[PDB]
Structures are given as structure tokens and as C-alpha cells.
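As a plain string of letters, each chain reads:
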There are 2 protein chains.
Amino acid sequence: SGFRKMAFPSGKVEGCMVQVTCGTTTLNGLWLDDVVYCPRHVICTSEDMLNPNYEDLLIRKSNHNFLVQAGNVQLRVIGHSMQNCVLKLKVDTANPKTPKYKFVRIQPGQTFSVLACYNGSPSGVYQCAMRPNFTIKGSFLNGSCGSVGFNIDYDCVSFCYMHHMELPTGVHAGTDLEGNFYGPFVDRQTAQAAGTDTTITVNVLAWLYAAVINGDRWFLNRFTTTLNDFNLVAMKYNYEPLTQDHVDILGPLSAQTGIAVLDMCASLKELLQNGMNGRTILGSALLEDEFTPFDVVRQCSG
Amino acid sequence: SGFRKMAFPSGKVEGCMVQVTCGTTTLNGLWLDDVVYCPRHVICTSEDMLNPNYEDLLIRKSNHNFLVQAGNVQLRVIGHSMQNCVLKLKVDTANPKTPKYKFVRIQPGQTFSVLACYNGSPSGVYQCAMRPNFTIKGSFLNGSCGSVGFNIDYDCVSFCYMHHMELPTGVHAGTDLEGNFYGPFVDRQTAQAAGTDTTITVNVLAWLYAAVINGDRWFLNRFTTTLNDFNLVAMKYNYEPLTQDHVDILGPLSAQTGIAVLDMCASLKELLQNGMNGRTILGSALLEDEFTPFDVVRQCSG
Ligand SMILES: *[C@H](S)C(=O)c1cccc(C(=O)OC(C)(C)C)c1
Ligand SMILES: *[C@H](S)C(=O)c1cccc(C(=O)OC(C)(C)C)c1
């Protein structure tokens with residue numbers, strides 16, 4: 001019993017974090033086999049940041065300009081190259097702690113664990129979701145860029161996020177491990193801002209199923225709805241449309257609880273229209289949208 | 001920016017988790033140096049559980065009755081003994097991954113990270129608080145007992161909790177690493193239940209300071225209060241009394257934000273009396289009490 005925002009165990013990623021320094025800039029890097037991945041911003045200076053030409057900045061560097069430290073061990077850089085917004089530093093040592101891994105890009109509405117790091121040292125681990133507007137509501141301080149987000153499946157780490165920056169509303173933007181940004185953001189100084197966001201409907205319904213599995217049933221009702229009537233209500237409350245694929249994905253949780261997906265939708269409609277009347281669900285007084293159907297099944301089953 | 005329920009990186013504890021089997025019962029154990037720690041319930045059978053005499057149960061066992069597996073490696077048990085509600089299995093191999101560690105017992109209102117494990121394999125990591133009534137609101141399924149809770153400071157793991165059982169309200173009870181239960185709970189079958197709980201006032205005030213550090217200021221006011229007037233209001237809302245030591249502990253956050261502790265108390269009084277009027281603090285619509293002043297400083301500073 002119980003339901004918590006649970007992250008993956010972080011040890012496999014801890015053994016990959018290193019510190020990268022270029023000039024006076026230090027940030028985190030990810031050491032896998034004999035390559036260290038880090039934000040290419042490490043080669044910028046403070047006044048380089050209005051419109052840096054990274055190809056020019058990089059051609060003016062050599063290997064000896066990059067100091068890579070793994071714990072108390074310095075790694076010799078023997079090659080450097082750019083790929084989109086990340087830098088690939090080839091080092092003379094393969095990381096003996098490299099896990100099985102993949103570089104995956106995730107979709108809005110998917111969740112992942114973040115290992116927040118400073119100066120190559122892990123500080124904390126938490127769960128995040130990629131918002132519909134491609135930002136993440138992280139927890140990061142200066143020095144955290146290069147920290148990574150990941151999921152783990154049967155001992156294979158799928159890296160999906162590298163941290164780059166903080167937008168004016170305090171939410172966070174970054175890239176995939178190929179250096180391609182999530183969202184319409186750039187690694188230069190602009191007035192760029194998070195665009196409008198929406199609530200991840202399928203995740204809210206998954207979390208209502210978690211609540212039923214855990215004994216909160218007060219929000220259930222005998223009603224049902226059609227998918228189109230529900231989606232009219234969703235549109236009105238800035239919720240994403242629910243598709244038939246979402247309905248199919250909720251099938252296992254529906255079968256476990258005996259509550260048809262469109263019956264749960266009728267409950268969610270009532271909650272949007274009426275609020276909670278001073279009650280809570282799974283210890284929250286808001287509708288939570290950062291758990292996927294898979295997160296619920298992984299944490300709740302049986 | 002940002003504020004999340006953040007756990008400690010779990011890798012140092014992952015390298016200590018093993019599986020212990022006795023008869024048909026399997027659960028988790030903690031391998032440090034050449035000892036494996038686990039709940040003594042592992043030696044029970046299903047009908048042993050009304051009033052087991054653990055000293056009798058244990059004297060009928062030998063070393064070969066305990067199967068300890070670390071990954072795919074079997075550890076030979078060469079001694080066994082009981083200490084309160086935990087079992088100490090001496091094995092013929094010292095764990096090469098043992099971290100610097102301590103066994104500390106924590107106080108109600110303190111937080112810790114939990115590494116939930118099944119069959120000796122880590123599954124997820126999350127943050128918890130010891131409630132005033134000595135339960136924890138965890139997330140645990142059958143097979144999780146022996147999972148541990150811990151804090152980490154400068155590479156030293158202070159273990160504070162071993163998981164034993166789930167109470168009827170779905171909250172969790174366990175012991176310290178010396179086998180002594182937190183709270184008035186026993187490892188036998190009874191009608192034992194969580195006692196009445198209260199809200200951890202000093203933590204709520206720490207979290208209001210986190211919110212101010214992160215730009216939520218709507219709940220501030222020009223008022224102040226005395227400690228006695230505040231504590232009259234606390235008593236009325238089932239909040240714990242605030243002591244002068246709590247005020248002193250909040251001093252650094254008060255100095256960082258410029259908001260005197262008793263001024264923040266006046267805000268908390270207004271929030272208890274009026275509610276939030278449809279607003280949120282740090283993404284919550286309830287007053288959060290599971291962050292200590294230290295948690296806030298660690299996550300927010302600067
Ligand atoms: C450090 S987290 C980093 O990689 C980075 C990436 C992209 C953009 C920036 C940046 O613009 O930093 C300032 C503080 C806004 C100049 C940093
Ligand atoms: C397994 S998590 C374990 O250690 C344990 C400890 C103490 C009490 C129990 C228990 O009573 O289990 C049942 C399921 C209530 C019989 C289990």
C-alpha cells in the first residue's frame with residue numbers, strides 16, 4: 001500500500017557522473033565507455049552568450065583545454081567533437097562502471113528520474129515528467145547543468161535528458177543525449193519562455209486508478225460518459241484530449257479495479273466541475289498528472 | 001529554482017542489498033562488512049504468527065537453514081544471532097562495497113530516503129518522514145520487508161529504518177538497525193493500529209520559507225504573532241507546538257528571506273484559519289510537512 005513519487009535507484013548513473021572544466025566554467029558530464037557527454041555551453045564565456053558561434057568557439061580549443069575529473073582521478077582527453085548542443089570528449093579510459101544503456105528521446109507526458117549533480121558529485125534523485133510544453137518542473141541550482149534524466153528497465157539505463165538551463169518561470173529545459181533540445185529553446189541568451197501548458201489527462205486517470213487500488217473511492221460514481229462528451233469537458237479545463245489509444249493503455253488498470261475507463265472519465269468530469277469539497281486523493285488536494293499508467297502499475301500491482 | 005521531494009542517491013545502499021530465504025520465506029537483508037541484517041520474522045511460519053516465541057524458533061535453526069544471495073552469488077552463513085527484532089547473519093565474506101556507515105535512530109519529524117527492494121533487488125527510491133505517531137507513509141508491497149531507510153552525509157550512510165510491516169490504514173512500521181521498533185508496534189499478529197497523528201509545524205514553516213525562496217509570496221502579511229498566541233492556534237488545528245528551539249533552527253532561513261520566524265507564523269495562522277482560496281504553494285494545495293529545515297537549506301540555497 002501507499003503511493004509515492006518514486007525514482008529509479010540511481011547507482012548505475014552515479015558511476016557515470018564526472019566533472020568537466022573548460023576555462024573557468026565547470027559543469028557535469030556523463031562518462032560512458034570512452035566518451036564524456038556534456039553541454040556544449042561549457043566552452044562559452046560570459047560575454048559569448050548573446051549569439052555564440054559554437055563552431056568557431058570549438059575550433060579554437062584543443063584537448064588540453066578540457067579537464068575531466070572522475071572522483072579524484074583525472075581522465076586524459078584525447079579527442080573532442082560537437083553533436084548538436086552536446087560535446088563529446090573522447091578520453092583515454094573506458095569507464096569500468098558503464099551500464100547497459102540506450103539514448104532514447106521521450107514524449108511529453110512521459111516520466112523519468114533526474115540525478116541532480118554538482119561538480120560531478122550526485123546530490124539527489126527525484127522523478128519528473130516532460131510537460132506538454134517540453135519543459136520539466138525540476139529542482140536545479142547553478143552548477144547542475146549536465147545532470148541527466150533516465151529510466152531503467154531490466155538493468156539497461158535509457159538516458160533521455162541532459163540539463164541545460166532554467167527559464168524565467170523557474171521551469172527547466174534541456175536536450176536529449178544527442179544534443180537536440182526538447183522544445184523551442186536554444187542555448188543562447190534570449191527572452192525565450194515556456195509556452196502555454198496543459199494537464200496530462202491520461203496520467204490523471206492513471207492516478208485515480210492508483211487511488212482506487214489504494215482505497216480512496218469517494219470520487220467514484222455510477223455514471224458513465226462518452227469519449228466525445230468527456231473531451232468537450234477536457235477542452236474546457238485545459239486538459240489534453242483523451243484518445244482511444246489512451247483508453248486502451250488504461251485497460252489493465254480498468255480490469256484490475258473493475259472500473260471502466262469511461263466510468264472513470266465521468267468521475268474526473270465531476271471532479272473538474274465540482275472540485276474536491278475539502279477531501280484529498282492519495283494525500284493530494286489537486287489532480288496529479290505526473291504518473292503514467294506504467295508508473296502506477298509498477299508501483300501498485302497486487 | 002524548483003522544489004521537489006528529493007531522495008539521496010541510492011547507489012551506496014544498492015550495493016548492500018541481498019536476499020535472505022528461510023524455509024519458504026524470502027525477504028531483503030542489508031550486508032555490511034561480514035554481517036547480514038534482516039527482520040527476524042524471516043524465521044516464522046504463517047501459523048507461527050499469533051504469539052511466536054522467537055528465541056525458541058531460532059534455537060531450532062542452523063546456519064544452513066539461511067540462504068543468502070547477493071546478486072547471483074551465494075554467501076555462506078557461518079553464524080546467526082538475534083538482536084531485538086532483527087537477525088544478524090554472519091557470512092564468510094565481507095561486502096567489498098560496504099560504505100562508511102552508522103546506525104542512527106531518528107526522531108519523529110525527521111526525514112530519510114527509502115530504497116524499496118524485492119528479492120534483494122532495488123526497485124525505487126523515495127523520501128519519507130517519521131510521523132509524530134512513529135509510522136511512515138511509505139510505498140511498499142509484499143516482499144519489501146528488510147528494505148531500509150537512510151540519510152547520507154559526506155559519503156557516510158546513516159541507516160535509520162528497516163521495514164517490517166503495514167498497519168491497517170496502509171501506513172508502515174519498522175525498526176531501527178538495532179531491531180528496536182519505532183512506536184508501540186510488535187512483530188506479531190494483533191489489532192495494532194496507528195495512533196492519532198499531528199502535523200509537524202516546524203517543517204511546514206520550513207516549506208513556507210522554501211516557497212518564498214522560490215518566489216511564492218502571496219501568503220505573506222505585515223502581521224506578526226507571539227509564540228504563545230501561535231501555539232494556541234496550532235493546538236486548535238492539530239499541529240505540534242512550536243518551541244524556541246524550532247525558532248532557532250529556522251534562523252538561517254529567516255535570515256536568508258528577511259522574514260522573521262514569528263512573522264511567518266502569522267502567515268501560517270492565516271492559512272490555517274482561511275485556507276488557500278484556490279491558490280497553491282510550491283505546486284501543492286495543502287500545507288506540506290515532510291521537509292525539514294535542513295532539507296530546505298540543502299535543496300534551495302542561493
Ligand atoms: C550550464 S547548466 C549550461 O549548460 C548552460 C546551457 C545552456 C545555456 C546556459 C545559459 O545560458 O546560462 C546563463 C546563466 C543563462 C548565462 C547554460
Ligand atoms: C516481512 S516485510 C516482515 O518482516 C514482517 C515483519 C513483521 C511482521 C510481519 C507480519 O506480521 O506479516 C503478516 C503478513 C501480517 C503475517 C512481517
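How each quantity is defined
- Residues numbered from 1 in each chain as written, not as in the entry; some residues may be left out.
- Chains lettered and ligands numbered in written order.
- Heavy atoms only, no water.
- Helix = DSSP H or I, 4+ residues; strand = E, 2+ residues; numbered from the N terminus.
- Buried < 20%, exposed > 50% of the residue type's maximum accessible area, 1.4 Å probe, protein only.
- Polar contact = N/O pair within 3.5 Å; in protein donor to acceptor, adjacent residues only side chain to side chain.
- Near = heavy atom within 4 Å.
- Areas by Shrake-Rupley, 256 points an atom, 1.4 Å probe, with all protein chains shown as cover.
- Nonpolar A, V, L, I, M, F, W, Y, C, P; charged D, E, K, R; others polar.
- Domains from an automatic or database assignment.
- Pairing = 2+ DSSP bridges.
- Axes fitted to C-alpha atoms, helices over the stretch in contact; angles between N-to-C directions.
- Least-squares fit on C-alpha atoms.
- Contact = heavy atoms within 4.5 Å.
- Parallel < 35°, antiparallel > 145°, perpendicular 65-115°, else oblique.
- Left-handed = near helix turned anticlockwise from the far one by under 90°.
- Buried area = accessible area lost by both parts, 1.4 Å probe.
- Salt bridge = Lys/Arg side-chain N within 4 Å of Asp/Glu carboxyl O.
- Core = buried A, V, L, I, M, F, W, Y, C linked by side-chain atoms within 4.5 Å.

Per the deposited record, X-ray crystallography is how this structure was determined, to a resolution of 1.61 Å.

(A) Here's a closer look at the environment of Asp48(B). Residues and elements named next belong to chain B. Checked against the element boundaries, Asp48 lands in the loop between β3 (35-39) and α2 (54-59). The class for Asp48 is partly exposed, based on a relative accessible area of 22%. For the pair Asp48 and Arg298, spaced 250 residues apart in sequence, the C-alpha to C-alpha distance is 46 Å. Of note is the side chain of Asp48, whose polar atom sits 2.7 Å from the side chain of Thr45.

(B) Geometry of the site of ligand 1. All names here are of chain A. Taken together, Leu27, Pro39, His41, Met49, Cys145, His164, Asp187 and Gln189 make up all the residues around ligand 1. In the complex, 69% of the free accessible area of ligand 1, which totals 440 Å², lies under the protein chains. For the shell around ligand 1, a count of residues per class yields 4 nonpolar, 3 polar and 1 charged. Both domains that furnish three or more residues to the shell around ligand 1 are identified here as domain 1 (1-14 + 100-197) and domain 2 (15-99).

(C) Broad picture of unusual backbone geometry. Residues and elements named next belong to chain A. In this structure, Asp33 is a non-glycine residue whose phi angle is positive, near 50 degrees. Turning to its location among the elements, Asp33 is positioned in the loop between β2 (25-32) and β3 (35-39). Given a relative accessible area of 35%, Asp33 falls into the partly exposed group.

(D) Local environment of the sheet that holds strand β5 (residues 73-75) of chain B. All names here are of chain B. Ordered in space as β5-β4-β1-β2-β3-β7-β6, the 7 strands form an open sheet in which the pairing is antiparallel. Among the strands making up the open sheet, the edge pair consists of β5 and β6 (77-83). Neighbour to neighbour, the strand axes of the sheet diverge by 30 degrees on average, direction disregarded. Here strand β1 (residues 17-22) pairs with strand β2 (residues 25-32) via 6 bridges, running antiparallel. Note on β2: the bridge partner recorded for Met17 is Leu30.

(E) The arrangement of the site of ligand 2 in detail. Residues and elements named next belong to chain B. The environment of ligand 2 is made up of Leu27, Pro39, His41, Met49, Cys145, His164, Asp187 and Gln189. Protein coverage of the free-state accessible area of ligand 2, which is 450 Å², stands at 68%. Of the residues belonging to the shell around ligand 2, the class tally is 4 nonpolar, 3 polar and 1 charged. Counting the residues that make up the shell around ligand 2, at least three belong to each of domain 1 (1-14 + 100-197) and domain 2 (15-99).

(F) Region of interest: the sheet that holds strand β1 (residues 17-22) of chain A. All names here are of chain A. Ordered by their spatial adjacency, 7 strands build an open sheet running β5-β4-β1-β2-β3-β7-β6, and the pairing between neighbours is antiparallel. The outermost strands of the open sheet, each flanked by one partner alone, are β5 (73-75) and β6 (77-83). Ignoring which end each strand starts from, the neighbouring axes of this sheet average 30 degrees apart.

(G) Representation of the relation of the copies chain B and chain A in the model. The transformation that overlays chain B on chain A combines an axial shift of 0.0 Å with a rotation of 180 degrees, and the residual RMSD is 0.0 Å. Given the turn and translation reported, the copies of this chain are related as if by a two-fold rotation axis. In terms of C-alpha distance to the rotation axis, chain B has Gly11(B) as its closest residue, with the C-alpha 1.8 Å off the axis. Most of the interface of chain B is mirrored in chain A, where 100% of its interface residues are also at the interface.

(H) Main features of the packing of helix α3 (residues 201-213) of chain B against helix α8 (residues 293-300) of chain B. Residue and element names in this part refer to chain B. Viewed as axis vectors pointing N to C, α3 and α8 meet at an angle of 20 degrees, and their least axial separation amounts to 8 Å. In terms of axis orientation, α3 runs roughly parallel to α8. Between α3 and α8 lies a crossing whose hand is right-handed. The segment α3 lies against α8, with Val202, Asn203, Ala206, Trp207, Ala210 and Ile213 engaging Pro293, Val296 and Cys300. Considered class by class, the residues forming the contact of α3 with α8 number 8 nonpolar, 1 polar and no charged.

(I) Representation of the interface of chain B and chain A within the structure. Contact with chain B, which involves 39 residues of that partner, is made by 39 residues of chain A. A buried area of about 2,600 Å², summed over both sides, lies between chain B and chain A, and 49% of it is on carbon and sulfur atoms. At the junction of chain B and chain A, the tally comes to 2 salt bridges. Measuring nitrogen to oxygen at the nearest pair gives 2.9 Å for the salt bridge that ties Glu290(A) to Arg4(B). Connecting chain B to chain A are 21 residue pairs in polar contact. Those elements that place two or more of their residues in the side of chain B that touches chain A are α1 (11-14), β10 (121-129) and α8 of chain B.

(J) Summary view of the nonpolar core. If you look at the biggest cluster of nonpolar residues, it comprises 40 residues, and the most contacted ones within it are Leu30(A), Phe159(A), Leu30(B) and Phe159(B). If we ignore the near neighbours within four places in the chain, the residues touching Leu30(A) are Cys16(A), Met17(A), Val18(A), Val35(A), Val36(A), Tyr37(A), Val148(A), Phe159(A), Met162(A) and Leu177(A). Listed in part, the 34 residues of the second largest apolar core include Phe3(B), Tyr239(B), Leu242(B) and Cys265(B).

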